[PDB]
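Participant: Attaching a single structure in structure tokens format; questions to follow.
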Amino acid sequence: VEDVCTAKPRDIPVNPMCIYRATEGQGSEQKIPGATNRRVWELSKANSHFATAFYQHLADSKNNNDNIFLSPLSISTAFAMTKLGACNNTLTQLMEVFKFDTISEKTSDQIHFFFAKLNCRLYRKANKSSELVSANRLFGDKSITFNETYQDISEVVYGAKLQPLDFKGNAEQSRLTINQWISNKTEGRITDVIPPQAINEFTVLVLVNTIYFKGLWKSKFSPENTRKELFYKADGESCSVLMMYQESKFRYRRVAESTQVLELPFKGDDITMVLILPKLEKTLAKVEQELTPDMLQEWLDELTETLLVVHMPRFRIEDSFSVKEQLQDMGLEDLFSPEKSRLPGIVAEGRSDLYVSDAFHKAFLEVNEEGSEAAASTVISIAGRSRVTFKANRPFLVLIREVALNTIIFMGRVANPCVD
């Protein structure tokens, strides 16, 4: 069994309460993937536009000397899970902000199928490759009878089991139970996401998503060619880092405005790490400000195995934030206003007032001699009740693609590596 996605020949129970809907029309392409639904391609593309669109926004909100790291795929999954229960305008905005309107189908109900199609085609049993894994769960207050078909399109399409907690009474204790589920599901890395008073008396459903990844480098680094070196911080100050070094053949190009893009694949070429180390004289800010997921030229043009002598800090960056600030700026407004939020698919017995009170995300990355472990979580809580050389020793951005499907699984700016 490997879920609904590729059952046998098949069909799924997907039909929520409301449906939205003319697509983007120009571009929003497909890799000449003549196959029935090769929508999953345009889903990954839509998803990756939101990833760039969400980073450009978060990076602007974040002081340039801070590290950023998120898993745009975690963020698109946890909200497409919530768009099941949405309706009317809340739905027009979830389709619009997360770019789901770009997938060429005429109806929002379809996107859910295509997400289970790309998820099955992503966390698959790769007994060589790596460890890319996800776990979605819907925890709701024991006292609310939840909507039965919600409950189930979630079992099928997202693998999200309902778990009753006693939010209403024992909410502080309930926060500890979800926070620990996330710990377990990310191999103890994304610890305590949900901040101290985020869940209380009136939380109806907390829904959580996770994504964990471990991968060994193809071309490992030697613990002996690991000297300390200065990393010249984003602010022009510097710190001592344990800087890894190796000589190898790797995909590479020096792209627009001498912004070097390296791809270092993990064990058995499915997942890679992309590093964008922009020239000395530039500022990573510029390259952050003009990022466009249709700058995939950058990525796909370095199919030129090139002999690098690579220097790279081994670091550990950990980060968390509120997706509610930046999504509001992105345009998702109705979903968070108790006034304007329309979500009738989630509750049966009340069915009405529910809104997203806050929405969190925490992330992790340890890159090191033998490989890297990344982890990520999102919980959206809802309430209402009813010898060329590439010496990366200065800030750079990090992508972690899953090549086959092209899905930016994680994205970051390691701007200060001498943190733990």
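Residues in the structure tokens are numbered from 1 in each chain, the chains being A, B, ... in the order shown, and ligands are numbered from 1 in the order shown.
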Using only C-alpha atoms, which residues sit within 10 Å of residue 202 (chain A) once same-chain residues fewer than 6 positions away are excluded, as an MDAnalysis selection string?
Facilitator: chainID A and resid 141 167:169 171 357 382:386
Participant: Which residues, written as JSON, numbers by chain, have at least one atom at most 12 Å from residue 19 (chain A), with only C-alpha atoms counted and residues fewer than 2 positions away on the same chain left out?
Facilitator: {"A": [14, 15, 16, 17, 21, 83, 84, 85, 86, 87, 88, 89, 90, 91, 92, 94, 95, 101, 105, 106, 107, 108, 109, 110, 111, 112, 345]}
Participant: Identify, on the basis of only C-alpha atoms, every residue whose closest approach to residue 170 (chain A) does not exceed 10 Å; exclude the query and any residue fewer than 4 positions from it along the same chain; express the result as an MDAnalysis selection string.
Facilitator: chainID A and resid 141 165:166 174:175 199:201
Participant: Can you spit out the residues from that selection as an mmCIF file, in the first residue's frame, using C-alpha atoms?
Facilitator:
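Writing the result to result.cif gives the following:
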```
data_model
loop_
_atom_site.group_PDB
_atom_site.id
_atom_site.type_symbol
_atom_site.label_atom_id
_atom_site.label_comp_id
_atom_site.auth_asym_id
_atom_site.auth_seq_id
_atom_site.Cartn_x
_atom_site.Cartn_y
_atom_site.Cartn_z
ATOM 1 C CA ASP A 141 -10.479 20.057 20.372
ATOM 2 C CA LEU A 165 -6.707 16.707 22.326
ATOM 3 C CA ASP A 166 -8.438 18.701 25.097
ATOM 4 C CA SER A 174 -2.201 20.114 24.621
ATOM 5 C CA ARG A 175 0.546 22.423 23.299
ATOM 6 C CA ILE A 199 -3.052 27.367 21.930
ATOM 7 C CA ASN A 200 -5.825 28.006 24.485
ATOM 8 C CA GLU A 201 -9.472 27.995 25.479
#
```
Participant: Could you tell me how far CA of residue 269 (chain A) sits from CA of residue 402 (chain A), in Å to one decimal place?
Facilitator: 9.0 Å
Participant: What is the CA of residue 346 (chain A) to CA of residue 159 (chain A) distance in Å?
Facilitator: 16.1 Å
Participant: Please produce, as a tab-separated table, a per-residue contact table for region 247-366 of chain A versus region 227-233 of chain A (criterion: any atom at most 12 Å away, only C-alpha atoms considered), showing the nearest atom pair and its distance in Å to one decimal, sorted by chain then residue number.
Facilitator:
```
residue	atom	partner	partner_atom	distance
A:280	CA	A:232	CA	10.5
A:283	CA	A:233	CA	11.8
A:284	CA	A:233	CA	11.7
A:311	CA	A:229	CA	9.5
A:312	CA	A:231	CA	9.7
A:313	CA	A:231	CA	8.1
A:314	CA	A:228	CA	10.1
A:315	CA	A:231	CA	11.3
```
Participant: Just N, CA and C atoms for this one: save the residues we selected as a PDB file, in the first residue's frame.
Facilitator:
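Result saved to again-v5.pdb:
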```pdb
ATOM      1  N   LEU A 280      31.797  38.950  -4.552  1.00  0.00           N
ATOM      2  CA  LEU A 280      32.330  39.883  -3.577  1.00  0.00           C
ATOM      3  C   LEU A 280      31.693  41.274  -3.550  1.00  0.00           C
ATOM      4  N   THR A 283      25.823  42.263  -3.443  1.00  0.00           N
ATOM      5  CA  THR A 283      25.283  42.066  -2.124  1.00  0.00           C
ATOM      6  C   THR A 283      24.258  41.003  -2.366  1.00  0.00           C
ATOM      7  N   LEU A 284      24.216  39.992  -1.509  1.00  0.00           N
ATOM      8  CA  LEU A 284      23.225  38.918  -1.617  1.00  0.00           C
ATOM      9  C   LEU A 284      21.800  39.479  -1.703  1.00  0.00           C
ATOM     10  N   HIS A 311      35.313  25.387  -0.947  1.00  0.00           N
ATOM     11  CA  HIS A 311      35.471  25.644   0.476  1.00  0.00           C
ATOM     12  C   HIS A 311      34.068  25.848   1.020  1.00  0.00           C
ATOM     13  N   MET A 312      33.596  25.286   2.137  1.00  0.00           N
ATOM     14  CA  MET A 312      32.218  25.484   2.570  1.00  0.00           C
ATOM     15  C   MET A 312      32.143  25.318   4.078  1.00  0.00           C
ATOM     16  N   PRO A 313      31.561  26.196   4.934  1.00  0.00           N
ATOM     17  CA  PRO A 313      31.519  26.014   6.370  1.00  0.00           C
ATOM     18  C   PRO A 313      30.622  24.859   6.637  1.00  0.00           C
ATOM     19  N   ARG A 314      30.931  24.199   7.715  1.00  0.00           N
ATOM     20  CA  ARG A 314      30.039  23.203   8.217  1.00  0.00           C
ATOM     21  C   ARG A 314      29.379  23.962   9.364  1.00  0.00           C
ATOM     22  N   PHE A 315      28.048  24.001   9.355  1.00  0.00           N
ATOM     23  CA  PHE A 315      27.290  24.899  10.203  1.00  0.00           C
ATOM     24  C   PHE A 315      26.010  24.253  10.598  1.00  0.00           C
TER      25      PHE A 315
END
```
Participant: Between A:162, A:354, A:262, A:241, which one has atoms that come closest to residue 150 (chain A), using only C-alpha atoms?
Facilitator: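 Using only C-alpha atoms, the shortest distance to residue 150 (chain A) belongs to A:162.
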Participant: Could you give me, as a VMD selection string, the residues within 9 Å of residue 395 (chain A), counting only C-alpha atoms and dropping anything in the same chain fewer than 4 positions from it?
Facilitator: chain A and resid 65 67 231 to 234 277 to 278 284 413 to 417
Participant: Restricting the calculation to only C-alpha atoms: of A:142, A:391, A:342, A:39, which residue gets closest to residue 204 (chain A)?
Facilitator: A:142
Participant: Go through A:191, A:246, A:93, A:337 one by one, measure the shortest atom-to-atom distance of each to residue 224 (chain A) using only C-alpha atoms, and give the residue with the smallest value.
Facilitator: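 Smallest separation from residue 224 (chain A) among the options: A:246.
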Participant: Determine the nearest neighbour of residue 156 (chain A) from the options A:4, A:214, A:304, A:139, counting only C-alpha atoms.
Facilitator: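 When distances to residue 156 (chain A) are compared using only C-alpha atoms, the smallest one comes from A:4.
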Participant: Applying 9 Å and only C-alpha atoms, which residues near residue 401 (chain A) remain after dropping the ones on its own chain fewer than 3 positions away? List them as a PDB file with N, CA, C and O atoms, in the first residue's frame.
Facilitator:
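New file around-v5.pdb:
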```
ATOM      1  N   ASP A 270      19.061  12.054  -6.661  1.00  0.00           N
ATOM      2  CA  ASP A 270      17.657  12.517  -6.616  1.00  0.00           C
ATOM      3  C   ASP A 270      17.439  13.929  -6.070  1.00  0.00           C
ATOM      4  O   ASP A 270      16.713  14.733  -6.673  1.00  0.00           O
ATOM      5  N   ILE A 271      18.088  14.192  -4.928  1.00  0.00           N
ATOM      6  CA  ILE A 271      18.050  15.438  -4.172  1.00  0.00           C
ATOM      7  C   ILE A 271      19.402  16.120  -4.362  1.00  0.00           C
ATOM      8  O   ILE A 271      20.417  15.416  -4.399  1.00  0.00           O
ATOM      9  N   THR A 272      19.522  17.436  -4.474  1.00  0.00           N
ATOM     10  CA  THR A 272      20.829  18.088  -4.521  1.00  0.00           C
ATOM     11  C   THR A 272      20.816  19.180  -3.468  1.00  0.00           C
ATOM     12  O   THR A 272      19.820  19.285  -2.751  1.00  0.00           O
ATOM     13  N   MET A 273      21.909  19.930  -3.293  1.00  0.00           N
ATOM     14  CA  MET A 273      21.963  21.167  -2.513  1.00  0.00           C
ATOM     15  C   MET A 273      22.393  22.141  -3.606  1.00  0.00           C
ATOM     16  O   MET A 273      23.245  21.752  -4.420  1.00  0.00           O
ATOM     17  N   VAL A 274      21.824  23.334  -3.772  1.00  0.00           N
ATOM     18  CA  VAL A 274      22.305  24.309  -4.755  1.00  0.00           C
ATOM     19  C   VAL A 274      22.901  25.425  -3.903  1.00  0.00           C
ATOM     20  O   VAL A 274      22.267  25.777  -2.907  1.00  0.00           O
ATOM     21  N   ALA A 404      14.294  15.433  -9.910  1.00  0.00           N
ATOM     22  CA  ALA A 404      13.301  14.710 -10.686  1.00  0.00           C
ATOM     23  C   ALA A 404      11.998  15.479 -10.840  1.00  0.00           C
ATOM     24  O   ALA A 404      11.551  15.724 -11.972  1.00  0.00           O
ATOM     25  N   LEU A 405      11.475  15.908  -9.673  1.00  0.00           N
ATOM     26  CA  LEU A 405      10.209  16.614  -9.600  1.00  0.00           C
ATOM     27  C   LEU A 405      10.332  18.124  -9.590  1.00  0.00           C
ATOM     28  O   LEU A 405       9.366  18.842  -9.808  1.00  0.00           O
ATOM     29  N   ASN A 406      11.552  18.612  -9.378  1.00  0.00           N
ATOM     30  CA  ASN A 406      11.877  20.020  -9.272  1.00  0.00           C
ATOM     31  C   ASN A 406      11.009  20.662  -8.201  1.00  0.00           C
ATOM     32  O   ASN A 406       9.967  21.235  -8.445  1.00  0.00           O
ATOM     33  N   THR A 407      11.321  20.462  -6.927  1.00  0.00           N
ATOM     34  CA  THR A 407      10.528  21.059  -5.869  1.00  0.00           C
ATOM     35  C   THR A 407      11.483  21.580  -4.857  1.00  0.00           C
ATOM     36  O   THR A 407      12.227  20.778  -4.293  1.00  0.00           O
ATOM     37  N   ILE A 408      11.511  22.887  -4.612  1.00  0.00           N
ATOM     38  CA  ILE A 408      12.473  23.455  -3.682  1.00  0.00           C
ATOM     39  C   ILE A 408      12.012  22.944  -2.328  1.00  0.00           C
ATOM     40  O   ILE A 408      11.030  23.477  -1.809  1.00  0.00           O
ATOM     41  N   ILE A 409      12.617  21.865  -1.801  1.00  0.00           N
ATOM     42  CA  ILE A 409      12.179  21.312  -0.532  1.00  0.00           C
ATOM     43  C   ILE A 409      12.545  22.197   0.658  1.00  0.00           C
ATOM     44  O   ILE A 409      11.785  22.234   1.639  1.00  0.00           O
ATOM     45  N   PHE A 410      13.678  22.920   0.628  1.00  0.00           N
ATOM     46  CA  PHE A 410      14.103  23.849   1.683  1.00  0.00           C
ATOM     47  C   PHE A 410      14.781  25.028   1.016  1.00  0.00           C
ATOM     48  O   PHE A 410      15.159  24.913  -0.148  1.00  0.00           O
ATOM     49  N   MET A 411      15.000  26.145   1.671  1.00  0.00           N
ATOM     50  CA  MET A 411      15.627  27.312   1.069  1.00  0.00           C
ATOM     51  C   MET A 411      16.231  28.099   2.209  1.00  0.00           C
ATOM     52  O   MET A 411      15.622  28.119   3.276  1.00  0.00           O
TER      53      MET A 411
END
```
Participant: Leaving out residue 327 (chain A) and any residue of its chain fewer than 5 positions from it, which residues lie within 8 Å of it when counting only C-alpha atoms, given as number ranges by chain?
Facilitator: A: 54, 97, 332-333
Participant: Give me a file of those residues, with N, CA, C and O atoms, as a PDB file, in the first residue's frame.
Facilitator:
```
ATOM      1  N   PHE A  54       7.636  33.911  -1.411  1.00  0.00           N
ATOM      2  CA  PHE A  54       7.629  33.947   0.030  1.00  0.00           C
ATOM      3  C   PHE A  54       9.008  34.277   0.560  1.00  0.00           C
ATOM      4  O   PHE A  54       9.098  34.953   1.587  1.00  0.00           O
ATOM      5  N   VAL A  97      -2.564  33.294  -3.508  1.00  0.00           N
ATOM      6  CA  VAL A  97      -1.281  33.559  -2.879  1.00  0.00           C
ATOM      7  C   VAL A  97      -0.324  32.419  -3.061  1.00  0.00           C
ATOM      8  O   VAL A  97       0.827  32.590  -3.443  1.00  0.00           O
ATOM      9  N   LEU A 332      -2.813  37.121   1.415  1.00  0.00           N
ATOM     10  CA  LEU A 332      -3.737  36.239   2.085  1.00  0.00           C
ATOM     11  C   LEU A 332      -4.120  37.128   3.248  1.00  0.00           C
ATOM     12  O   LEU A 332      -3.266  37.344   4.110  1.00  0.00           O
ATOM     13  N   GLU A 333      -5.319  37.747   3.157  1.00  0.00           N
ATOM     14  CA  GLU A 333      -5.916  38.583   4.205  1.00  0.00           C
ATOM     15  C   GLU A 333      -7.162  38.040   4.875  1.00  0.00           C
ATOM     16  O   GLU A 333      -7.197  37.897   6.098  1.00  0.00           O
TER      17      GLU A 333
END
```
